[PDB]
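Student: Just so it is clear, I am handing over upload-v5.cif, which has mmCIF, C-alpha atoms and all ligand atoms.
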data_entry
loop_
_atom_site.group_PDB
_atom_site.id
_atom_site.type_symbol
_atom_site.label_atom_id
_atom_site.label_comp_id
_atom_site.auth_asym_id
_atom_site.auth_seq_id
_atom_site.Cartn_x
_atom_site.Cartn_y
_atom_site.Cartn_z
ATOM 1 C CA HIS A 4 0.000 0.000 0.000
ATOM 2 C CA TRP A 5 1.001 3.670 -0.104
ATOM 3 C CA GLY A 6 3.996 5.173 1.627
ATOM 4 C CA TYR A 7 6.948 7.405 0.890
ATOM 5 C CA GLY A 8 9.517 5.002 -0.558
ATOM 6 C CA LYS A 9 10.681 4.615 -4.181
ATOM 7 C CA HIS A 10 8.117 1.909 -4.846
ATOM 8 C CA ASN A 11 5.010 3.264 -3.153
ATOM 9 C CA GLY A 12 5.661 6.991 -2.790
ATOM 10 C CA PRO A 13 4.184 10.229 -4.223
ATOM 11 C CA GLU A 14 4.992 9.252 -7.839
ATOM 12 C CA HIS A 15 2.811 6.120 -7.612
ATOM 13 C CA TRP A 16 -0.175 7.489 -5.674
ATOM 14 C CA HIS A 17 -2.133 8.456 -8.789
ATOM 15 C CA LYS A 18 -2.682 4.837 -9.753
ATOM 16 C CA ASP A 19 -4.966 4.066 -6.782
ATOM 17 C CA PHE A 20 -6.071 7.702 -6.255
ATOM 18 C CA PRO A 21 -6.367 9.412 -9.660
ATOM 19 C CA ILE A 22 -7.264 12.746 -7.916
ATOM 20 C CA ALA A 23 -3.462 12.901 -7.250
ATOM 21 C CA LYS A 24 -3.291 14.688 -10.619
ATOM 22 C CA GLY A 25 -6.322 16.781 -9.770
ATOM 23 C CA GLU A 26 -7.102 20.455 -10.038
ATOM 24 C CA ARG A 27 -6.577 21.490 -6.373
ATOM 25 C CA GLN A 28 -3.849 19.241 -4.968
ATOM 26 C CA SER A 29 -1.579 20.049 -2.020
ATOM 27 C CA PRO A 30 1.023 20.941 -1.028
ATOM 28 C CA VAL A 31 2.119 23.827 -3.267
ATOM 29 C CA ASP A 32 4.984 26.253 -3.468
ATOM 30 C CA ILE A 33 3.984 29.633 -2.087
ATOM 31 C CA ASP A 34 5.400 32.211 -4.461
ATOM 32 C CA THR A 35 5.463 35.262 -2.177
ATOM 33 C CA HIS A 36 5.534 37.726 -5.055
ATOM 34 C CA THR A 37 2.477 36.241 -6.732
ATOM 35 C CA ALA A 38 0.415 35.942 -3.508
ATOM 36 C CA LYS A 39 -1.876 38.936 -2.996
ATOM 37 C CA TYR A 40 -3.099 40.677 0.180
ATOM 38 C CA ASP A 41 -6.821 40.044 0.522
ATOM 39 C CA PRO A 42 -8.728 42.785 2.328
ATOM 40 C CA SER A 43 -11.867 40.576 2.464
ATOM 41 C CA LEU A 44 -10.197 38.052 4.792
ATOM 42 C CA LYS A 45 -11.541 38.388 8.365
ATOM 43 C CA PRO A 46 -9.332 38.133 11.444
ATOM 44 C CA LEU A 47 -8.186 34.534 12.083
ATOM 45 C CA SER A 48 -9.432 33.055 15.326
ATOM 46 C CA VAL A 49 -7.549 30.085 16.779
ATOM 47 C CA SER A 50 -9.362 29.072 19.944
ATOM 48 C CA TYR A 51 -7.581 26.157 21.600
ATOM 49 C CA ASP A 52 -8.077 27.031 25.321
ATOM 50 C CA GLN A 53 -10.447 24.173 26.154
ATOM 51 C CA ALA A 54 -8.658 21.609 23.896
ATOM 52 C CA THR A 55 -9.011 17.954 24.962
ATOM 53 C CA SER A 56 -6.184 15.694 23.663
ATOM 54 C CA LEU A 57 -6.700 11.934 23.916
ATOM 55 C CA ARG A 58 -3.773 9.917 22.611
ATOM 56 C CA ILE A 59 -0.722 9.800 20.344
ATOM 57 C CA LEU A 60 -0.484 7.156 17.594
ATOM 58 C CA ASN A 61 2.218 5.983 15.204
ATOM 59 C CA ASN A 62 0.058 5.219 12.181
ATOM 60 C CA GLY A 63 2.934 4.031 10.022
ATOM 61 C CA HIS A 64 3.293 7.363 8.119
ATOM 62 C CA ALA A 65 3.661 9.878 10.926
ATOM 63 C CA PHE A 66 2.323 10.190 14.461
ATOM 64 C CA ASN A 67 -1.087 11.703 15.206
ATOM 65 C CA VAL A 68 -2.133 13.466 18.384
ATOM 66 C CA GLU A 69 -5.917 13.036 18.486
ATOM 67 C CA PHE A 70 -8.468 15.235 20.244
ATOM 68 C CA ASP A 71 -12.040 14.866 21.526
ATOM 69 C CA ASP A 72 -13.994 16.640 18.724
ATOM 70 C CA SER A 73 -17.440 15.758 20.149
ATOM 71 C CA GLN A 74 -18.081 19.414 21.085
ATOM 72 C CA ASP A 75 -16.840 22.880 20.116
ATOM 73 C CA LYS A 76 -13.733 22.828 22.351
ATOM 74 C CA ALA A 77 -10.747 23.667 20.125
ATOM 75 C CA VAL A 78 -12.024 25.517 17.039
ATOM 76 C CA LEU A 79 -10.652 27.527 14.088
ATOM 77 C CA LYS A 80 -12.661 30.289 12.589
ATOM 78 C CA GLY A 81 -12.342 33.592 10.689
ATOM 79 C CA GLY A 82 -9.727 34.269 8.002
ATOM 80 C CA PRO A 83 -11.052 32.655 4.836
ATOM 81 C CA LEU A 84 -13.334 30.270 6.736
ATOM 82 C CA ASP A 85 -17.091 30.417 7.031
ATOM 83 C CA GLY A 86 -18.425 28.956 10.217
ATOM 84 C CA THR A 87 -16.727 26.691 12.747
ATOM 85 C CA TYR A 88 -14.029 24.102 12.227
ATOM 86 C CA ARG A 89 -13.258 21.640 15.026
ATOM 87 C CA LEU A 90 -9.719 20.486 15.805
ATOM 88 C CA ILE A 91 -9.565 16.692 15.375
ATOM 89 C CA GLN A 92 -5.833 15.932 15.298
ATOM 90 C CA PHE A 93 -2.347 17.178 14.515
ATOM 91 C CA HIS A 94 0.698 15.574 12.968
ATOM 92 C CA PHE A 95 3.976 16.525 11.405
ATOM 93 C CA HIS A 96 5.947 15.903 8.226
ATOM 94 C CA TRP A 97 9.762 16.009 8.453
ATOM 95 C CA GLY A 98 12.935 15.129 6.556
ATOM 96 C CA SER A 99 16.069 13.040 6.941
ATOM 97 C CA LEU A 100 18.084 16.290 6.951
ATOM 98 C CA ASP A 101 17.279 19.848 8.132
ATOM 99 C CA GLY A 102 17.179 21.223 4.567
ATOM 100 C CA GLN A 103 14.063 19.296 3.667
ATOM 101 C CA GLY A 104 10.978 18.000 5.355
ATOM 102 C CA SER A 105 8.203 20.563 4.738
ATOM 103 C CA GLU A 106 5.361 19.960 2.336
ATOM 104 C CA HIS A 107 4.585 23.550 1.387
ATOM 105 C CA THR A 108 7.527 25.594 0.290
ATOM 106 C CA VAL A 109 8.012 29.392 0.325
ATOM 107 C CA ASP A 110 9.698 30.678 -2.868
ATOM 108 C CA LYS A 111 10.880 27.062 -3.245
ATOM 109 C CA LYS A 112 12.467 27.098 0.250
ATOM 110 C CA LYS A 113 11.987 23.814 2.166
ATOM 111 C CA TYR A 114 11.781 23.880 5.954
ATOM 112 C CA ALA A 115 12.913 21.097 8.306
ATOM 113 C CA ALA A 116 9.353 20.074 9.036
ATOM 114 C CA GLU A 117 5.716 21.151 8.884
ATOM 115 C CA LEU A 118 3.006 20.742 11.484
ATOM 116 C CA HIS A 119 -0.568 20.169 10.321
ATOM 117 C CA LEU A 120 -3.474 20.929 12.693
ATOM 118 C CA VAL A 121 -6.498 19.307 11.094
ATOM 119 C CA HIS A 122 -10.021 20.712 11.612
ATOM 120 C CA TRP A 123 -13.459 19.743 10.243
ATOM 121 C CA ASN A 124 -16.411 21.974 9.290
ATOM 122 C CA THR A 125 -18.979 21.394 12.101
ATOM 123 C CA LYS A 127 -21.972 22.017 9.622
ATOM 124 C CA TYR A 128 -21.276 18.490 8.283
ATOM 125 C CA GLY A 129 -21.828 16.715 11.629
ATOM 126 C CA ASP A 130 -18.741 14.440 11.535
ATOM 127 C CA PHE A 131 -15.263 14.191 10.010
ATOM 128 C CA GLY A 132 -16.306 11.443 7.610
ATOM 129 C CA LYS A 133 -19.042 13.547 5.988
ATOM 130 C CA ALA A 134 -16.835 16.683 5.966
ATOM 131 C CA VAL A 135 -14.375 14.871 3.653
ATOM 132 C CA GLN A 136 -17.129 14.558 1.060
ATOM 133 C CA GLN A 137 -17.367 18.371 0.857
ATOM 134 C CA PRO A 138 -15.298 20.999 -0.989
ATOM 135 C CA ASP A 139 -15.210 23.053 2.255
ATOM 136 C CA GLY A 140 -15.176 20.132 4.695
ATOM 137 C CA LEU A 141 -11.710 20.683 6.187
ATOM 138 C CA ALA A 142 -9.357 23.449 7.238
ATOM 139 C CA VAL A 143 -5.685 22.638 7.908
ATOM 140 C CA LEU A 144 -3.479 25.069 9.731
ATOM 141 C CA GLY A 145 0.091 24.612 8.521
ATOM 142 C CA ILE A 146 3.126 25.695 10.510
ATOM 143 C CA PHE A 147 6.708 25.519 9.360
ATOM 144 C CA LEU A 148 9.455 24.214 11.612
ATOM 145 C CA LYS A 149 13.068 25.297 11.468
ATOM 146 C CA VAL A 150 15.954 24.178 13.604
ATOM 147 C CA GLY A 151 17.081 26.687 16.227
ATOM 148 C CA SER A 152 16.177 26.828 19.904
ATOM 149 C CA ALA A 153 13.895 24.246 21.448
ATOM 150 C CA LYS A 154 10.161 24.651 21.316
ATOM 151 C CA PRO A 155 9.115 24.156 24.944
ATOM 152 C CA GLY A 156 5.482 23.425 23.971
ATOM 153 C CA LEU A 157 6.723 20.474 21.820
ATOM 154 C CA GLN A 158 8.846 18.645 24.457
ATOM 155 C CA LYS A 159 5.953 16.600 25.878
ATOM 156 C CA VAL A 160 5.391 15.230 22.363
ATOM 157 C CA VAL A 161 9.097 14.592 21.912
ATOM 158 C CA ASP A 162 9.325 12.738 25.249
ATOM 159 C CA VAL A 163 6.588 10.254 24.387
ATOM 160 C CA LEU A 164 7.887 9.160 20.921
ATOM 161 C CA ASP A 165 9.936 6.409 22.620
ATOM 162 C CA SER A 166 6.702 4.765 23.585
ATOM 163 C CA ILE A 167 5.170 4.840 20.115
ATOM 164 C CA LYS A 168 8.260 3.926 18.046
ATOM 165 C CA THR A 169 6.655 1.470 15.649
ATOM 166 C CA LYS A 170 3.563 1.301 13.448
ATOM 167 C CA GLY A 171 0.354 0.686 15.374
ATOM 168 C CA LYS A 172 1.688 1.782 18.790
ATOM 169 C CA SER A 173 -0.278 4.396 20.740
ATOM 170 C CA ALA A 174 0.028 6.155 24.107
ATOM 171 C CA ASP A 175 -2.228 8.139 26.375
ATOM 172 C CA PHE A 176 -1.735 11.792 25.561
ATOM 173 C CA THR A 177 -4.339 13.697 27.601
ATOM 174 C CA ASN A 178 -4.002 17.289 28.846
ATOM 175 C CA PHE A 179 -1.649 18.406 25.992
ATOM 176 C CA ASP A 180 -2.145 22.077 25.076
ATOM 177 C CA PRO A 181 -1.604 22.750 21.380
ATOM 178 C CA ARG A 182 -1.309 26.517 22.067
ATOM 179 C CA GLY A 183 2.384 25.800 22.846
ATOM 180 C CA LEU A 184 2.977 24.847 19.194
ATOM 181 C CA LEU A 185 2.068 28.282 17.754
ATOM 182 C CA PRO A 186 4.448 31.067 16.561
ATOM 183 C CA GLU A 187 3.676 34.598 17.811
ATOM 184 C CA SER A 188 2.235 35.939 14.515
ATOM 185 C CA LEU A 189 -0.867 34.576 12.851
ATOM 186 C CA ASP A 190 0.061 36.139 9.480
ATOM 187 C CA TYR A 191 -0.783 33.505 6.828
ATOM 188 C CA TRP A 192 -1.300 32.544 3.219
ATOM 189 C CA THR A 193 -4.471 30.696 2.224
ATOM 190 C CA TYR A 194 -5.507 28.675 -0.840
ATOM 191 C CA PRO A 195 -7.987 25.900 -1.635
ATOM 192 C CA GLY A 196 -6.364 22.424 -1.777
ATOM 193 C CA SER A 197 -6.387 18.827 -0.614
ATOM 194 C CA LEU A 198 -5.198 16.232 1.877
ATOM 195 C CA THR A 199 -1.455 15.689 1.169
ATOM 196 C CA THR A 200 -1.799 11.961 1.725
ATOM 197 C CA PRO A 201 -4.019 9.336 0.104
ATOM 198 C CA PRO A 202 -6.954 9.495 -0.460
ATOM 199 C CA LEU A 203 -5.802 13.055 -1.443
ATOM 200 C CA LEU A 204 -9.327 14.426 -1.054
ATOM 201 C CA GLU A 205 -9.901 17.940 -2.382
ATOM 202 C CA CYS A 206 -11.765 19.134 0.674
ATOM 203 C CA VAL A 207 -9.188 21.518 2.416
ATOM 204 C CA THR A 208 -8.883 25.248 3.025
ATOM 205 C CA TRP A 209 -5.194 25.606 3.698
ATOM 206 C CA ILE A 210 -4.011 28.229 6.134
ATOM 207 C CA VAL A 211 -0.212 28.307 6.189
ATOM 208 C CA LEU A 212 1.415 30.564 8.779
ATOM 209 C CA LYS A 213 4.274 32.774 7.562
ATOM 210 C CA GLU A 214 6.243 32.716 10.824
ATOM 211 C CA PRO A 215 8.004 29.391 11.412
ATOM 212 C CA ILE A 216 8.433 27.970 14.916
ATOM 213 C CA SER A 217 11.894 26.905 15.847
ATOM 214 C CA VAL A 218 12.608 23.507 17.378
ATOM 215 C CA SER A 219 15.909 22.165 18.608
ATOM 216 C CA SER A 220 18.209 19.871 16.759
ATOM 217 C CA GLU A 221 17.656 17.308 19.552
ATOM 218 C CA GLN A 222 13.869 17.593 19.154
ATOM 219 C CA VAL A 223 14.063 16.954 15.371
ATOM 220 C CA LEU A 224 16.466 14.087 15.938
ATOM 221 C CA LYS A 225 13.849 12.358 18.065
ATOM 222 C CA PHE A 226 11.232 12.611 15.258
ATOM 223 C CA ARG A 227 13.796 10.869 13.059
ATOM 224 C CA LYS A 228 14.102 7.908 15.500
ATOM 225 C CA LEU A 229 10.490 6.870 14.879
ATOM 226 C CA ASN A 230 9.824 3.809 12.650
ATOM 227 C CA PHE A 231 7.652 3.302 9.536
ATOM 228 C CA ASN A 232 7.613 -0.468 10.292
ATOM 229 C CA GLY A 233 5.676 -2.397 12.971
ATOM 230 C CA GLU A 234 7.364 -4.088 15.933
ATOM 231 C CA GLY A 235 9.448 -7.127 15.105
ATOM 232 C CA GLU A 236 9.999 -5.996 11.496
ATOM 233 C CA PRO A 237 13.212 -4.661 9.860
ATOM 234 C CA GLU A 238 13.889 -1.035 10.793
ATOM 235 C CA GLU A 239 12.829 1.631 8.327
ATOM 236 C CA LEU A 240 13.411 5.063 9.904
ATOM 237 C CA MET A 241 10.387 7.408 9.739
ATOM 238 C CA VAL A 242 11.972 10.227 7.721
ATOM 239 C CA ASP A 243 11.046 12.152 4.611
ATOM 240 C CA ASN A 244 7.331 11.565 4.991
ATOM 241 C CA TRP A 245 6.384 14.652 2.919
ATOM 242 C CA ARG A 246 4.725 15.033 -0.453
ATOM 243 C CA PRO A 247 6.413 17.489 -2.803
ATOM 244 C CA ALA A 248 4.857 20.665 -4.253
ATOM 245 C CA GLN A 249 2.073 20.048 -6.802
ATOM 246 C CA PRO A 250 0.854 22.261 -9.704
ATOM 247 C CA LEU A 251 -1.011 25.368 -8.548
ATOM 248 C CA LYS A 252 -3.256 25.152 -11.648
ATOM 249 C CA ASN A 253 -4.488 28.716 -11.730
ATOM 250 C CA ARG A 254 -5.570 28.820 -8.046
ATOM 251 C CA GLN A 255 -4.737 32.065 -6.207
ATOM 252 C CA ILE A 256 -2.839 32.168 -2.934
ATOM 253 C CA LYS A 257 -4.070 35.040 -0.809
ATOM 254 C CA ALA A 258 -2.092 36.779 1.984
ATOM 255 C CA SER A 259 -3.711 37.927 5.260
ATOM 256 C CA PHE A 260 -1.020 40.628 5.547
HETATM 257 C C1 LIG A 301 0.227 11.587 9.644
HETATM 258 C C2 LIG A 301 -0.751 11.486 8.472
HETATM 259 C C3 LIG A 301 -0.007 11.475 7.151
HETATM 260 O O1 LIG A 301 -1.652 12.589 8.475
HETATM 261 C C4 LIG A 301 -2.848 12.087 9.131
HETATM 262 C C5 LIG A 301 -2.912 10.633 8.679
HETATM 263 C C6 LIG A 301 -3.548 10.466 7.285
HETATM 264 O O2 LIG A 301 -3.872 11.697 6.566
HETATM 265 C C7 LIG A 301 -4.549 12.778 7.272
HETATM 266 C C8 LIG A 301 -4.420 14.140 6.630
HETATM 267 N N1 LIG A 301 -3.056 14.306 6.161
HETATM 268 S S1 LIG A 301 -2.753 15.878 5.761
HETATM 269 N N2 LIG A 301 -1.144 15.879 5.584
HETATM 270 O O3 LIG A 301 -3.227 16.866 6.773
HETATM 271 O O4 LIG A 301 -3.373 16.258 4.461
HETATM 272 O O5 LIG A 301 -5.929 12.584 7.254
HETATM 273 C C9 LIG A 301 -6.337 12.093 8.538
HETATM 274 C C10 LIG A 301 -7.315 13.081 9.192
HETATM 275 C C11 LIG A 301 -6.960 10.693 8.377
HETATM 276 O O6 LIG A 301 -5.182 12.014 9.341
HETATM 277 C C12 LIG A 301 -4.156 12.817 8.738
HETATM 278 O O7 LIG A 301 -1.538 10.257 8.601
HETATM 279 HG HG HG A 302 -13.907 17.167 -0.944
HETATM 280 ZN ZN ZN A 303 -0.163 16.509 6.988
#
Here is the file; what I need is its structure written in the form of structure tokens.
Ligand SMILES: CC1(C)O[C@@H]2[C@@H](CO[C@@]3(CNS(N)(=O)=O)OC(C)(C)O[C@@H]23)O1
Ligand SMILES: [Hg+2]
Ligand SMILES: [Zn+2]

Tutor:
Amino acid sequence: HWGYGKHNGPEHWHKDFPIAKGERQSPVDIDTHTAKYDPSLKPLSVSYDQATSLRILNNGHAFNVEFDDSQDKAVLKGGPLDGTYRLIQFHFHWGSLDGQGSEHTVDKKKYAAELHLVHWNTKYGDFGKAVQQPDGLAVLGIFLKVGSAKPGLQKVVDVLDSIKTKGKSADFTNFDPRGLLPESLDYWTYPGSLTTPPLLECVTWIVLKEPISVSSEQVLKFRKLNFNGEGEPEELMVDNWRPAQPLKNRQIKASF
């Protein structure tokens, strides 16, 4: 099945999921000189105060921190979004080296990693129905570079030991995703897709301009995770990012 290697990676995905070559695929390169300030964009509202994390899971591609999305606790609204989007989970994409790892790029620049905070449009009742809608999801994207430690990330780092291999999960309650944010909420936005199979074209992407910095030791711990299950040959979980896809006449709008 699908992964990120030579034989099952981004270049093969289209065979099982023809939408891979679709009209609004993600990620994309953000050409900063072609992006335009949009005065019609409302203030962005990230409201994570009452967020209820549940567990962390190595799903064989990355690790997911999942949240209780059974009420309006952690929600995204404003910016390009109409209505209320509920936080369901977050995950990262990272590289084998610091000069690669992000999915979106900024004037072709690749960051060390990218954090995706995944939200679903509450007018659709559940996540599963949302992903049948052109405006079903909103993903907040945050670039990571290597510098000083991100204190709000350490609790995630410290648990990766426990979820090394595919299928492993750990309790991960009382984690506050507010500690993963940069100070500015300046962003670019464009309509796009899930960056993994089934590559559904259901996402409003909101990609923050300001990266967070994480330490070299924090990134190294991401890179110790495994793509394989327990008792199988070791395949380090690195380079689990899809490259930039054709913009196809979409417009990337800037909030700033
Ligand atoms: C870690 C990874 C790749 O991302 C997780 C899961 C499968 O895909 C996602 C969405 N991926 S993304 N990158 O936000 O478009 O869709 C769901 C919501 C199923 O979980 C996300 O595994
Ligand atoms: Hg869709
Ligand atoms: Zn992602």

Student: To check your reading of the model: which residues sit at most 10 Å from ligand ZN 303 (chain A) when counting only C-alpha atoms and all ligand atoms? Write the answer as a PyMOL selection string.

Tutor: chain A and resi 29-30+64-65+67+93-96+105-106+117-121+143-145+198-200+244-246

Student: Could you list, as a VMD selection string, all the residues within 9 Å of ligand HG 302 (chain A), counting only C-alpha atoms and all ligand atoms?

Tutor: chain A and resid 134 to 141 197 204 to 207

Student: As a check of understanding, name the residues that the PyMOL selection byres (((chain A and resi 190) around 6) and not hetatm) selects in the supplied structure, as a list in words.

Tutor: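 What the PyMOL selection byres (((chain A and resi 190) around 6) and not hetatm) grabs from the file is residues 188, 189, 191, 212, 213 and 259 of chain A.
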
Student: Suppose we keep C-alpha atoms; can you now write the selection as a CSV table (one decimal), keeping the file's coordinate frame?

Tutor:
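Result went into again_13.csv, see below:
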chain,number,residue,atom,x,y,z
A,188,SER,CA,2.2,35.9,14.5
A,189,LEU,CA,-0.9,34.6,12.9
A,191,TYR,CA,-0.8,33.5,6.8
A,212,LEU,CA,1.4,30.6,8.8
A,213,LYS,CA,4.3,32.8,7.6
A,259,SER,CA,-3.7,37.9,5.3

Student: Evaluating the PyMOL selection byres (((chain A and resi 17-27) around 9) and not hetatm) on the displayed file yields which residues, as a ChimeraX atom specification?

Tutor: /A:5,13-16,28-29,195-197,201-205,249-254

Student: Could you state which residues are captured by the PyMOL selection byres (((chain A and resi 83) around 6) and not hetatm) in this file, as a ChimeraX atom specification?

Tutor: /A:44,82,84

Student: Keeping only C-alpha atoms, write those residues as an mmCIF file, keeping the file's coordinate frame.

Tutor:
data_model
loop_
_atom_site.group_PDB
_atom_site.id
_atom_site.type_symbol
_atom_site.label_atom_id
_atom_site.label_comp_id
_atom_site.auth_asym_id
_atom_site.auth_seq_id
_atom_site.Cartn_x
_atom_site.Cartn_y
_atom_site.Cartn_z
ATOM 1 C CA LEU A 44 -10.197 38.052 4.792
ATOM 2 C CA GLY A 82 -9.727 34.269 8.002
ATOM 3 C CA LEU A 84 -13.334 30.270 6.736
#

Student: Keeping N, CA, C and O atoms, write region 101-122 of chain A of the structure just shown out as an mmCIF file, in the first residue's frame.

Tutor:
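Contents of part_29.cif, as written:
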data_model
loop_
_atom_site.group_PDB
_atom_site.id
_atom_site.type_symbol
_atom_site.label_atom_id
_atom_site.label_comp_id
_atom_site.auth_asym_id
_atom_site.auth_seq_id
_atom_site.Cartn_x
_atom_site.Cartn_y
_atom_site.Cartn_z
ATOM 1 N N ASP A 101 17.979 18.588 7.795
ATOM 2 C CA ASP A 101 17.279 19.848 8.132
ATOM 3 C C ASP A 101 16.860 20.659 6.903
ATOM 4 O O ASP A 101 16.004 21.511 7.015
ATOM 5 N N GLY A 102 17.490 20.427 5.752
ATOM 6 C CA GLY A 102 17.179 21.223 4.567
ATOM 7 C C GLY A 102 15.996 20.708 3.763
ATOM 8 O O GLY A 102 15.735 21.146 2.642
ATOM 9 N N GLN A 103 15.229 19.809 4.362
ATOM 10 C CA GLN A 103 14.063 19.296 3.667
ATOM 11 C C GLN A 103 13.196 18.695 4.715
ATOM 12 O O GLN A 103 13.659 18.371 5.811
ATOM 13 N N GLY A 104 11.915 18.566 4.398
ATOM 14 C CA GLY A 104 10.978 18.000 5.355
ATOM 15 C C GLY A 104 9.592 18.625 5.258
ATOM 16 O O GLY A 104 8.595 17.951 5.530
ATOM 17 N N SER A 105 9.520 19.906 4.898
ATOM 18 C CA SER A 105 8.203 20.563 4.738
ATOM 19 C C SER A 105 7.519 20.120 3.452
ATOM 20 O O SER A 105 8.158 19.618 2.503
ATOM 21 N N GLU A 106 6.199 20.263 3.463
ATOM 22 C CA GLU A 106 5.361 19.960 2.336
ATOM 23 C C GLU A 106 5.148 21.224 1.485
ATOM 24 O O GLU A 106 5.462 21.258 0.288
ATOM 25 N N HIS A 107 4.651 22.282 2.106
ATOM 26 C CA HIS A 107 4.585 23.550 1.387
ATOM 27 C C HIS A 107 5.973 24.071 1.358
ATOM 28 O O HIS A 107 6.777 23.717 2.233
ATOM 29 N N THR A 108 6.256 24.898 0.350
ATOM 30 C CA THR A 108 7.527 25.594 0.290
ATOM 31 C C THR A 108 7.247 27.090 0.128
ATOM 32 O O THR A 108 6.163 27.464 -0.306
ATOM 33 N N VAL A 109 8.216 27.943 0.474
ATOM 34 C CA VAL A 109 8.012 29.392 0.325
ATOM 35 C C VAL A 109 9.102 29.927 -0.606
ATOM 36 O O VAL A 109 10.268 29.929 -0.229
ATOM 37 N N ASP A 110 8.727 30.393 -1.804
ATOM 38 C CA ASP A 110 9.698 30.678 -2.868
ATOM 39 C C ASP A 110 10.716 29.555 -3.010
ATOM 40 O O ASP A 110 11.928 29.800 -2.973
ATOM 41 N N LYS A 111 10.173 28.340 -3.081
ATOM 42 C CA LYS A 111 10.880 27.062 -3.245
ATOM 43 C C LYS A 111 11.698 26.625 -2.013
ATOM 44 O O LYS A 111 12.292 25.528 -2.014
ATOM 45 N N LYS A 112 11.699 27.438 -0.952
ATOM 46 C CA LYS A 112 12.467 27.098 0.250
ATOM 47 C C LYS A 112 11.761 25.969 1.035
ATOM 48 O O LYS A 112 10.557 26.070 1.305
ATOM 49 N N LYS A 113 12.499 24.911 1.359
ATOM 50 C CA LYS A 113 11.987 23.814 2.166
ATOM 51 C C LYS A 113 12.423 23.979 3.608
ATOM 52 O O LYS A 113 13.593 24.243 3.881
ATOM 53 N N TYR A 114 11.471 23.809 4.530
ATOM 54 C CA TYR A 114 11.781 23.880 5.954
ATOM 55 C C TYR A 114 12.079 22.491 6.471
ATOM 56 O O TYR A 114 11.886 21.494 5.736
ATOM 57 N N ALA A 115 12.539 22.397 7.718
ATOM 58 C CA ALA A 115 12.913 21.097 8.306
ATOM 59 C C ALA A 115 11.711 20.203 8.560
ATOM 60 O O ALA A 115 11.812 18.979 8.574
ATOM 61 N N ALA A 116 10.558 20.815 8.801
ATOM 62 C CA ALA A 116 9.353 20.074 9.036
ATOM 63 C C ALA A 116 8.175 21.004 8.889
ATOM 64 O O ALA A 116 8.353 22.234 8.702
ATOM 65 N N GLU A 117 6.982 20.413 8.972
ATOM 66 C CA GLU A 117 5.716 21.151 8.884
ATOM 67 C C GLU A 117 4.691 20.432 9.750
ATOM 68 O O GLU A 117 4.561 19.199 9.708
ATOM 69 N N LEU A 118 4.003 21.225 10.560
ATOM 70 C CA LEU A 118 3.006 20.742 11.484
ATOM 71 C C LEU A 118 1.659 21.023 10.813
ATOM 72 O O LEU A 118 1.462 22.120 10.283
ATOM 73 N N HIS A 119 0.765 20.026 10.830
ATOM 74 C CA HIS A 119 -0.568 20.169 10.321
ATOM 75 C C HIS A 119 -1.556 19.971 11.449
ATOM 76 O O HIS A 119 -1.531 18.928 12.075
ATOM 77 N N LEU A 120 -2.371 20.989 11.721
ATOM 78 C CA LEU A 120 -3.474 20.929 12.693
ATOM 79 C C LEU A 120 -4.765 20.835 11.888
ATOM 80 O O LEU A 120 -5.137 21.780 11.177
ATOM 81 N N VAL A 121 -5.425 19.680 11.993
ATOM 82 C CA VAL A 121 -6.498 19.307 11.094
ATOM 83 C C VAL A 121 -7.850 19.568 11.769
ATOM 84 O O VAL A 121 -8.070 19.145 12.899
ATOM 85 N N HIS A 122 -8.726 20.276 11.070
ATOM 86 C CA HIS A 122 -10.021 20.712 11.612
ATOM 87 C C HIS A 122 -11.142 20.355 10.646
ATOM 88 O O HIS A 122 -10.939 20.394 9.444
#
